[PDB]
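S.K.: Sharing a structure with you now.
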Amino acid sequence: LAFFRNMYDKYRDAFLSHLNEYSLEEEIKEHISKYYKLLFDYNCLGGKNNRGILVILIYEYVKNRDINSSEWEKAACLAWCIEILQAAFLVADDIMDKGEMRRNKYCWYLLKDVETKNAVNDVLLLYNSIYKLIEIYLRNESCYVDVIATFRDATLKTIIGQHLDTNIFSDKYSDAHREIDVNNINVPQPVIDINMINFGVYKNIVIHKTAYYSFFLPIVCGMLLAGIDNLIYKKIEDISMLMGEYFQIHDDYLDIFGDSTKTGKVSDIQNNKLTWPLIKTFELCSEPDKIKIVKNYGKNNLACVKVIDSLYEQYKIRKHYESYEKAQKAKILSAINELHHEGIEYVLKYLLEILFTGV
Amino acid sequence: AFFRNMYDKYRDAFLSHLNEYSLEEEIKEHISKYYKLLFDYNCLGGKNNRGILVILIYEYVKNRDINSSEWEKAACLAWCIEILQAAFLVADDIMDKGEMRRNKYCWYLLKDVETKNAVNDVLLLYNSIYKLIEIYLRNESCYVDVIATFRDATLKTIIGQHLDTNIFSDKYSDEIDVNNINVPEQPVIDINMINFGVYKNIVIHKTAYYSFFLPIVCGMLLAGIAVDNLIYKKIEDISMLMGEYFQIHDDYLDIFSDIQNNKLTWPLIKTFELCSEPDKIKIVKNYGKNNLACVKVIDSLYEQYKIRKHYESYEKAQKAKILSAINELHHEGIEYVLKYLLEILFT
Ligand SMILES: CC(C)=CCC/C(C)=C/CC/C(C)=C/CCC(C)=CCOP(=O)(O)OP(=O)(O)O
Ligand SMILES: CC(C)=CCCC(C)=CCC/C(C)=C/CC/C(C)=C/COP(=O)(O)OP(=O)(O)O
């Protein structure tokens with residue numbers, strides 16, 4: 001954990017050293033290293049590092065065995081690669097959702113020395129840096145191809161979850177009969193589609209957007225590098241899905257019922273997002289309140305968000321979350337005990353306890 | 001060249017992969033509708049020089065019989081570079097706030113798309129390449145080397161793109177202010193960066209590697225020419241010369257949005273080396289401005305210093321320099337392709 005955090009610079013400078021080998025004039029090289037050192041530092045440092053720590057712990061507990069410094073160097077590489085992946089996702093998400101704060105600092109894209117134009121380019125650099133690092137440190141491992149495929153496949157699932165989260169209430173999803181007009185370049189007003197306000201659709205989004213890169217990818221990383229393919233991978237796939245759902249519902253809860261100075265970020269109601277509080281309120285509310293939701297949800301105006309916010313207090317959404325949290329935490333524990341692997345079971349139970357705080 | 005008929009197979013091969021995801025049937029139909037248009041709109045319509053370059057290099061190295069299955073792997077790599085070009089095109093238009101590309105509206109401008117989807121779509125298109133390389137080349141021995149060639153060429157392009165975006169920025173003039181989100185920096189020219197050395201650094205990284213090196217290395221790797229072969233460095237040097245040649249022509253075409261977008265172009269560097277001191281101040285005062293009078297002034301200086309004639313002089317001198325480097329290859333098959341590519345480049 002403290003070891004993992006200390007290995008950071010080794011991986012950052014290994015990648016910066018690779019760019020430094022490029023055939024460029026010495027002055028250009030120094031500007032590049034100044035820019036990219038800050039890109040990594042600013043966006044890779046500051047989170048709970050749950051995904052990174054999950055690799056390290058799964059690598060150690062897959063089997064009780066001797067692990068040399070060189071083997072740990074490969075494990076802390078994969079651990080930092082998932083943090084770089086989280087860093088790329090967060091920069092991209094903030095551009096896309098027009099974010100203000102992340103990890104108690106300004107969104108990288110808002111910086112006037114950066115802007116959207118560099119941030120778009122920087123998402124791809126951070127994303128490609130992962131595969132450069134896995135090559136530098138795992139080039140000769142037999143799990144190499146399987147590890148790169150795991151990153152590639154989790155990323156693809158996240159891109160699809162991101163697409164669904166962005167477009168679930170869009171005109172092209174509500175008007176399936178009409179093709180996308182490639183001649184219309186006017187601005188779209190976003191409104192909810194009640195046919196999509198259901199937990200079935202929610203799970204489809206949340207599993208793809210969070211479960212695969214936050215839980216499946218780090219666990220499979222630790223296991224592939226340890227040397228294990230086996231029927232346990234499907235069992236860990238199912239647990240990852242349940243943990244992803246659990247993690248995202250809490251993230252939704254935090255968005256409306258959390259302090260920005262504690263979470264590090266200020267938007268779901270204004271951004272017209274399909275959230276768990278929205279689905280819960282909709283199943284529990286009266287017909288006039290349903291129409292009141294449709295009229296005020298997805299609007300940048302503070303008086304419209306207050307209407308939604310007041311309705312969340314009215315239908316005591318915080319208490320329903322508390323009841324969901326206990327029902328799901330218990331459900332995941334049950335699935336973990338059906339694993340029949342004491343090592344992984346220990347890590348997953350520990351991860352489940354430390355999820356919302358980190359460490 | 002049956003490469004155009006193979007498009008749908010690679011498109012559907014990737015779409016079929018997404019279709020295997022655990023999603024409700026209605027969600028699957030919306031996804032396939034969206035992503036079929038994303039591929040079609042951005043992968044079809046270009047000259048396909050990069051795609052064709054793979055096919056031609058593959059054919060003229062393997063001077064022997066090539067079966068349908070071997071061509072299926074070659075046209076996969078060829079379409080992968082076209083998907084890469086598609087991902088670059090979409091990203092570039094978001095970044096440069098483009099209006100038109102290949103005689104149609106930029107994908108990000110579309111009402112049903114917007115910048116938010118366009119950012120996400122660049123990464124889908126980009127990752128679809130590696131899914132396709134896996135589907136069709138996972139059992140080839142060149143597999144790892146091919147993926148490494150795509151990764152390394154992309155990394156170089158990202159760096160050239162960074163340089164092209166920031167070469168005149170206040171951060172490149174002499175630390176980045178992580179507290180400034182409110183004071184927008186006005187775009188301005190930096191005369192210390194108006195030189196051919198800096199320009200070659202940008203152009204080689206931004207174009208040469210993915211436009212020439214990557215497609216040639218793809219054909220060669222798939223044909224079976226070993227990575228340890230000294231010819232790869234020779235092809236690297238030719239790719240750099242061809243990249244420079246291709247980009248200078250692209251800059252020439254733009255004028256005869258770069259002026260308004262404050263870009264370091266070959267006509268700007270040429271005009272600056274050839275013009276008087278009052279005209280240098282006139283360039284600094286009018287370049288990089290979204291005002292019609294300002295662009296008109298820069299346009300007139302390019303006409304005055306007959307930049308079109310200097311390009312014509314450059315194009316003849318550079319063409320010879322590459323032909324000379326191509327003849328030092330000692331490979332009749334590749335040499336024919338490179339000479340043919342050089343003739344057909346602009347059309
Ligand atoms: C890594 C990714 C996908 C990206 C983000 C940012 C980067 C590095 C971007 C793109 C910069 C780039 C290489 C740009 C644009 C050049 C372009 C689209 C084209 C012109 O090529 P032609 O061959 O003349 O056009 P056709 O394809 O239409 O024939
Ligand atoms: C392929 C790439 C890089 C991207 C483009 C677009 C995609 C797929 C998206 C990103 C959307 C996404 C999954 C989001 C962000 C989630 C996020 C930053 C959040 C919260 O996780 P925590 O674990 O709470 O944060 P810490 O890492 O700070 O602990």
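Starting from 1 in every chain, residues are counted up; chains themselves are A, B, ... following the order of the structure tokens, and ligands are numbered from 1 as listed.
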Taking only C-alpha atoms into account and nothing else, which residues of chain A lie no more than 6 Å away from chain B? Please answer as a ChimeraX atom specification.
M.R.: /A:24,96,110-112,117,184-188,204
S.K.: What residues have any atom no more than 6 Å from ligand 2 when counting only C-alpha atoms and all ligand atoms, and can you list them as a compact mmCIF listing (two decimals) with N, CA and C atoms, in the first residue's frame?
M.R.:
```txt
# COMPACT_ATOMS: atom_id res chain seq x y z
N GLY A 47 -6.30 9.86 -5.66
CA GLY A 47 -7.45 8.99 -5.44
C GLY A 47 -7.27 7.99 -4.31
N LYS A 48 -8.30 7.19 -4.06
CA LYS A 48 -8.27 6.17 -3.01
C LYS A 48 -7.34 4.97 -3.38
N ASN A 49 -7.09 4.77 -4.71
CA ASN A 49 -6.23 3.72 -5.29
C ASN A 49 -6.73 2.30 -4.97
N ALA A 88 -7.09 8.41 -17.08
CA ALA A 88 -7.54 8.74 -18.45
C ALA A 88 -9.04 8.86 -18.49
N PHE A 89 -9.75 7.93 -17.84
CA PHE A 89 -11.19 7.92 -17.71
C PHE A 89 -11.70 9.18 -17.03
N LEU A 90 -11.02 9.63 -15.98
CA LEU A 90 -11.50 10.78 -15.24
C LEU A 90 -11.34 12.06 -16.02
N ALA A 92 -11.34 12.28 -19.36
CA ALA A 92 -12.29 12.14 -20.45
C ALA A 92 -13.68 12.43 -19.96
N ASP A 93 -14.07 11.83 -18.81
CA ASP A 93 -15.38 11.99 -18.21
C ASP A 93 -15.68 13.45 -17.90
N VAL A 123 -5.87 12.19 -22.94
CA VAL A 123 -6.60 10.97 -22.59
C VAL A 123 -5.94 9.80 -23.34
N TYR A 127 -3.81 6.74 -21.94
CA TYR A 127 -4.30 5.43 -22.32
C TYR A 127 -3.22 4.57 -23.00
N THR A 155 -11.62 -1.99 -21.19
CA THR A 155 -11.75 -0.66 -21.75
C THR A 155 -12.95 -0.61 -22.69
N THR A 158 -16.17 -0.52 -20.78
CA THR A 158 -16.30 0.81 -20.16
C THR A 158 -16.78 1.85 -21.18
N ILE A 159 -16.21 1.84 -22.41
CA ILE A 159 -16.59 2.74 -23.52
C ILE A 159 -18.09 2.57 -23.82
N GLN A 162 -20.20 3.87 -20.91
CA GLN A 162 -20.10 5.31 -21.01
C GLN A 162 -21.07 5.85 -22.10
N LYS A 209 -20.01 0.26 -17.37
CA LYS A 209 -19.28 1.49 -17.03
C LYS A 209 -18.31 1.31 -15.87
N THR A 210 -18.63 0.49 -14.84
CA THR A 210 -17.76 0.41 -13.65
C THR A 210 -17.15 -0.97 -13.30
N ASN B 120 -15.72 9.92 -26.79
CA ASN B 120 -15.89 8.51 -26.45
C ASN B 120 -15.68 7.62 -27.70
N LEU B 123 -12.01 6.73 -28.86
CA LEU B 123 -11.49 5.63 -28.11
C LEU B 123 -12.09 4.31 -28.50
```
S.K.: Listing only residues of chain A within 8 Å of ligand 1, what is the closest atom pair and its distance in Å (to one decimal) for each, using only C-alpha atoms and all ligand atoms, sorted by chain and residue number ascending, as a Markdown table?
M.R.:
```
| residue | atom | partner | partner_atom_place_in_ligand_line | distance |
| --- | --- | --- | --- | --- |
| A:120 | CA | ligand 1 | 5 (C) | 6.4 |
| A:121 | CA | ligand 1 | 6 (C) | 4.5 |
| A:122 | CA | ligand 1 | 5 (C) | 7.9 |
| A:123 | CA | ligand 1 | 5 (C) | 8.0 |
| A:124 | CA | ligand 1 | 1 (C) | 5.2 |
| A:125 | CA | ligand 1 | 1 (C) | 7.1 |
| A:128 | CA | ligand 1 | 1 (C) | 7.9 |
```
S.K.: Take the residues from that selection and put them in a file with N, CA and C atoms, as a PDB file, in the first residue's frame.
M.R.:
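Saved to part_6.pdb:
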```pdb
ATOM      1  N   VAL A 120      -8.129  16.096 -24.677  1.00  0.00           N
ATOM      2  CA  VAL A 120      -8.567  15.025 -25.582  1.00  0.00           C
ATOM      3  C   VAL A 120      -7.332  14.234 -25.981  1.00  0.00           C
ATOM      4  N   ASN A 121      -6.281  14.954 -26.388  1.00  0.00           N
ATOM      5  CA  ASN A 121      -5.011  14.350 -26.790  1.00  0.00           C
ATOM      6  C   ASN A 121      -4.342  13.615 -25.621  1.00  0.00           C
ATOM      7  N   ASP A 122      -4.388  14.211 -24.396  1.00  0.00           N
ATOM      8  CA  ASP A 122      -3.840  13.670 -23.137  1.00  0.00           C
ATOM      9  C   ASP A 122      -4.551  12.368 -22.656  1.00  0.00           C
ATOM     10  N   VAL A 123      -5.866  12.193 -22.937  1.00  0.00           N
ATOM     11  CA  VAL A 123      -6.600  10.967 -22.585  1.00  0.00           C
ATOM     12  C   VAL A 123      -5.937   9.803 -23.340  1.00  0.00           C
ATOM     13  N   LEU A 124      -5.635  10.036 -24.621  1.00  0.00           N
ATOM     14  CA  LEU A 124      -5.047   9.031 -25.481  1.00  0.00           C
ATOM     15  C   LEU A 124      -3.616   8.762 -25.146  1.00  0.00           C
ATOM     16  N   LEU A 125      -2.858   9.780 -24.699  1.00  0.00           N
ATOM     17  CA  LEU A 125      -1.500   9.551 -24.263  1.00  0.00           C
ATOM     18  C   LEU A 125      -1.512   8.686 -23.021  1.00  0.00           C
ATOM     19  N   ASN A 128      -2.458   5.152 -23.918  1.00  0.00           N
ATOM     20  CA  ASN A 128      -1.423   4.400 -24.614  1.00  0.00           C
ATOM     21  C   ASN A 128      -0.190   4.145 -23.747  1.00  0.00           C
TER      22      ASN A 128
END
```
S.K.: Got a sec: who's within 7 Å of stretch 275-288 of chain B, counting only C-alpha atoms, leaving out chain neighbours fewer than 4 positions off, as a list in words?
M.R.: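 Using only C-alpha atoms, the neighbours found are residues 187, 188, 189, 259, 260, 261, 262, 271, 294, 295, 297 and 298 of chain B.
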S.K.: Do you know which residues are at most 12 Å from stretch 228-241 of chain B counting only C-alpha atoms, after dropping those on the same chain fewer than 6 positions away, and could you put them as number ranges by chain?
M.R.: A: 23; B: 50, 53, 57, 145, 149, 153, 200-221, 247-248, 315, 317-331, 334-335, 338-339, 341-342
S.K.: Write a file of the just-selected residues containing N, CA and C atoms, as a compact mmCIF listing (two decimals), in the first residue's frame.
M.R.:
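The result, stored in out-v3.txt:
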```txt
# COMPACT_ATOMS: atom_id res chain seq x y z
N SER A 23 13.43 11.39 -31.49
CA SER A 23 14.30 12.27 -32.26
C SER A 23 13.71 13.67 -32.29
N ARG B 50 -3.12 4.90 -47.10
CA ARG B 50 -2.51 4.10 -46.02
C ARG B 50 -2.94 2.63 -46.10
N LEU B 53 -1.48 1.03 -49.26
CA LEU B 53 -0.03 0.88 -49.04
C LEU B 53 0.29 -0.44 -48.36
N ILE B 57 2.35 -3.37 -50.40
CA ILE B 57 3.61 -3.83 -49.80
C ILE B 57 3.51 -5.34 -49.54
N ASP B 145 4.38 -8.06 -32.66
CA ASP B 145 5.12 -7.04 -33.37
C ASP B 145 4.20 -6.06 -34.12
N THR B 149 3.73 -2.11 -33.30
CA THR B 149 3.88 -1.13 -34.38
C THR B 149 2.73 -0.11 -34.36
N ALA B 153 3.45 3.75 -33.26
CA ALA B 153 3.13 4.77 -34.26
C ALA B 153 2.09 5.75 -33.69
N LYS B 200 9.98 19.92 -38.92
CA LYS B 200 10.29 18.52 -39.22
C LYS B 200 10.03 17.65 -38.00
N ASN B 201 10.36 18.13 -36.80
CA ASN B 201 10.10 17.43 -35.54
C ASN B 201 8.60 17.13 -35.43
N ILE B 202 7.76 18.16 -35.71
CA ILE B 202 6.30 18.05 -35.63
C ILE B 202 5.74 17.08 -36.68
N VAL B 203 6.01 17.40 -37.94
CA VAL B 203 5.53 16.73 -39.13
C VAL B 203 5.93 15.24 -39.19
N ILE B 204 7.16 14.90 -38.79
CA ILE B 204 7.65 13.53 -38.75
C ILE B 204 6.84 12.71 -37.72
N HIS B 205 6.62 13.28 -36.53
CA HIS B 205 5.88 12.61 -35.46
C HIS B 205 4.38 12.61 -35.74
N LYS B 206 3.83 13.74 -36.19
CA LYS B 206 2.39 13.84 -36.50
C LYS B 206 1.96 13.00 -37.72
N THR B 207 2.79 12.89 -38.79
CA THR B 207 2.34 12.20 -40.01
C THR B 207 3.13 10.95 -40.45
N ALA B 208 4.47 11.03 -40.51
CA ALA B 208 5.38 10.02 -41.07
C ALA B 208 5.21 8.63 -40.52
N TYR B 209 5.01 8.51 -39.20
CA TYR B 209 4.95 7.20 -38.57
C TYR B 209 3.67 6.45 -38.83
N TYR B 210 2.51 7.09 -38.69
CA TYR B 210 1.27 6.34 -38.93
C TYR B 210 0.89 6.31 -40.44
N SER B 211 1.31 7.32 -41.23
CA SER B 211 0.96 7.40 -42.64
C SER B 211 1.83 6.54 -43.54
N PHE B 212 3.11 6.39 -43.21
CA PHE B 212 4.03 5.64 -44.05
C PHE B 212 4.72 4.49 -43.32
N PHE B 213 5.38 4.74 -42.19
CA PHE B 213 6.09 3.69 -41.46
C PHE B 213 5.18 2.53 -41.08
N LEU B 214 4.10 2.81 -40.34
CA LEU B 214 3.14 1.81 -39.89
C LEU B 214 2.57 0.96 -41.06
N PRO B 215 1.99 1.51 -42.16
CA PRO B 215 1.48 0.62 -43.23
C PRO B 215 2.55 -0.23 -43.94
N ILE B 216 3.75 0.31 -44.16
CA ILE B 216 4.85 -0.43 -44.82
C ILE B 216 5.32 -1.57 -43.90
N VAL B 217 5.58 -1.27 -42.60
CA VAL B 217 6.00 -2.26 -41.60
C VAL B 217 4.94 -3.37 -41.46
N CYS B 218 3.65 -3.01 -41.56
CA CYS B 218 2.52 -3.96 -41.50
C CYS B 218 2.60 -5.00 -42.60
N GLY B 219 2.71 -4.57 -43.85
CA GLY B 219 2.86 -5.47 -45.00
C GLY B 219 4.08 -6.37 -44.86
N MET B 220 5.25 -5.77 -44.50
CA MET B 220 6.52 -6.47 -44.30
C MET B 220 6.46 -7.50 -43.17
N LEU B 221 5.92 -7.14 -42.00
CA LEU B 221 5.80 -8.05 -40.86
C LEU B 221 4.92 -9.25 -41.21
N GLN B 247 3.02 16.30 -45.76
CA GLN B 247 2.52 17.39 -44.92
C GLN B 247 2.72 18.78 -45.53
N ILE B 248 3.89 19.03 -46.18
CA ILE B 248 4.16 20.31 -46.84
C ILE B 248 3.09 20.56 -47.92
N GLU B 315 8.92 20.52 -53.93
CA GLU B 315 8.30 19.26 -54.36
C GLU B 315 9.18 18.48 -55.33
N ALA B 317 12.62 18.96 -55.67
CA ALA B 317 13.86 18.67 -54.94
C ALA B 317 13.72 17.53 -53.91
N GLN B 318 12.55 17.47 -53.20
CA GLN B 318 12.28 16.44 -52.19
C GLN B 318 11.98 15.08 -52.83
N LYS B 319 11.19 15.06 -53.93
CA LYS B 319 10.84 13.87 -54.71
C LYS B 319 12.11 13.10 -55.13
N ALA B 320 13.14 13.84 -55.59
CA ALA B 320 14.44 13.31 -56.00
C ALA B 320 15.19 12.67 -54.82
N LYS B 321 15.23 13.39 -53.68
CA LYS B 321 15.89 12.98 -52.45
C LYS B 321 15.32 11.63 -51.92
N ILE B 322 13.99 11.42 -52.08
CA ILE B 322 13.31 10.19 -51.65
C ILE B 322 13.59 9.07 -52.66
N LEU B 323 13.46 9.36 -54.00
CA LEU B 323 13.76 8.40 -55.08
C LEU B 323 15.15 7.83 -54.91
N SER B 324 16.12 8.68 -54.52
CA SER B 324 17.51 8.31 -54.25
C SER B 324 17.57 7.35 -53.07
N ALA B 325 16.84 7.66 -51.97
CA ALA B 325 16.80 6.82 -50.77
C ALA B 325 16.10 5.47 -51.04
N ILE B 326 15.06 5.48 -51.90
CA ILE B 326 14.31 4.29 -52.32
C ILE B 326 15.22 3.34 -53.11
N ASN B 327 16.09 3.89 -53.99
CA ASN B 327 17.02 3.09 -54.80
C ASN B 327 18.13 2.46 -53.97
N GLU B 328 18.36 2.95 -52.74
CA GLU B 328 19.35 2.40 -51.82
C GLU B 328 18.76 1.25 -50.98
N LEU B 329 17.48 0.89 -51.23
CA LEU B 329 16.77 -0.18 -50.51
C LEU B 329 17.27 -1.56 -50.87
N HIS B 330 17.47 -1.80 -52.19
CA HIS B 330 17.90 -3.08 -52.78
C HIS B 330 16.80 -4.13 -52.59
N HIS B 331 15.57 -3.77 -53.01
CA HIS B 331 14.37 -4.61 -52.96
C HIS B 331 13.42 -4.06 -54.01
N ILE B 334 9.38 -3.58 -53.04
CA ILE B 334 9.09 -2.45 -52.18
C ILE B 334 9.36 -1.14 -52.95
N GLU B 335 10.50 -1.09 -53.68
CA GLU B 335 10.93 0.06 -54.49
C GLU B 335 9.88 0.46 -55.52
N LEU B 338 6.89 2.03 -53.47
CA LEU B 338 7.24 3.35 -52.97
C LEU B 338 7.25 4.40 -54.08
N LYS B 339 7.75 4.05 -55.28
CA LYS B 339 7.76 4.94 -56.45
C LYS B 339 6.32 5.17 -56.96
N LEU B 341 3.53 4.82 -55.01
CA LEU B 341 2.91 5.55 -53.91
C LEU B 341 3.22 7.03 -54.05
N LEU B 342 4.50 7.37 -54.30
CA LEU B 342 4.98 8.74 -54.47
C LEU B 342 4.27 9.47 -55.63
```
S.K.: So how far away is atom CA of residue A:333 from atom CA of residue A:345, in Å?
M.R.: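 Between atom CA of residue A:345 and atom CA of residue A:333 the gap is 8.9 Å.
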S.K.: Looking only at helix (DSSP H, G or I) from DSSP on the backbone, list the matching residues of stretch 137-179 of chain B as a ChimeraX atom specification.
M.R.: /B:137,143-166,170-173
S.K.: Near residue B:135, within 10 Å and counting only C-alpha atoms, which residues show up once chain neighbours fewer than 6 positions away are dropped, as a compact mmCIF listing (two decimals) with N, CA, C and O atoms, in the first residue's frame?
M.R.:
```txt
# COMPACT_ATOMS: atom_id res chain seq x y z
N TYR B 10 -14.97 -6.75 -41.70
CA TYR B 10 -14.25 -6.25 -40.52
C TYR B 10 -15.15 -5.39 -39.64
O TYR B 10 -15.12 -5.54 -38.41
N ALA B 13 -17.53 -7.93 -38.05
CA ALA B 13 -16.72 -8.76 -37.12
C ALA B 13 -16.60 -8.08 -35.75
O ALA B 13 -16.77 -8.74 -34.72
N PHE B 14 -16.33 -6.75 -35.75
CA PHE B 14 -16.21 -5.96 -34.52
C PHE B 14 -17.57 -5.74 -33.90
O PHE B 14 -17.71 -5.99 -32.70
N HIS B 17 -18.77 -8.63 -31.97
CA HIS B 17 -18.13 -8.74 -30.65
C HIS B 17 -18.93 -7.96 -29.57
O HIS B 17 -19.19 -8.51 -28.50
N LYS B 73 -6.12 -11.39 -43.71
CA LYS B 73 -5.26 -10.85 -42.66
C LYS B 73 -4.65 -9.50 -43.11
O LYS B 73 -4.61 -8.56 -42.33
N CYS B 76 -7.31 -6.79 -43.19
CA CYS B 76 -7.66 -6.48 -41.80
C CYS B 76 -6.73 -5.34 -41.34
O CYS B 76 -7.23 -4.30 -40.93
N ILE B 129 -9.42 -1.41 -33.39
CA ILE B 129 -8.23 -1.83 -34.15
C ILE B 129 -7.63 -3.09 -33.53
O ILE B 129 -7.43 -4.07 -34.24
```
